[PDB]
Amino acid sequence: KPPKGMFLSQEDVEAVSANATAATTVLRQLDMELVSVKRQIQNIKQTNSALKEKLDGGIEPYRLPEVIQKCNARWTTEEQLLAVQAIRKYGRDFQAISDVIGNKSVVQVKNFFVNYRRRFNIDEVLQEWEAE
């Protein structure tokens, strides 16, 4: 029911009415609160200025060129051995293993786990990754 752009709650009225200097007090508390928040902004944006400084140049000096490697059907002995060591470091994460080998999709890696399970004691290799 109050006019637009006027703010008048029972709570706020009572808090200004309750004492002879309650008005001037409540307004001082907010003035102190405002100074306290404005000093904290200056602090944290001087902290953030220092961190932005300690990233001067980004990670462009440490960026690796893009690999154009095309997926392949046949497993070389090289690829089989890269895979067994990838299972040892990266566990069950199939995407990472595919990335390491370079020319084997996530499907083929998922296949490899079943086909060679027997011959590359993959159960033992996974148990070895879990122990770490």
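Just count from 1 along the sequence shown to find any residue number.
- Message: On mean Cα temperature factor in this entry, is 66-74 or 46-54 the higher one?
- Response: The stretch with the larger mean CA B-factor is 66-74.
- Message: Please place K104 in the lowest, middle or highest third of its chain according to the CA B-factor in the PDB entry.
- Response: Its C-alpha B-factor, which the entry lists for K104, ranks in the middle third among residues of this chain.
- Task: Sort the modelled residues of this chain by their C-alpha B factor and say whether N121 lands in the lowest, middle or highest third.
- Result: Lowest third.
- For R39, return the chain-relative third of its C-alpha B-factor as stated in the PDB record: lowest, middle or highest. Answer is middle: the recorded C-alpha B-factor places it there.
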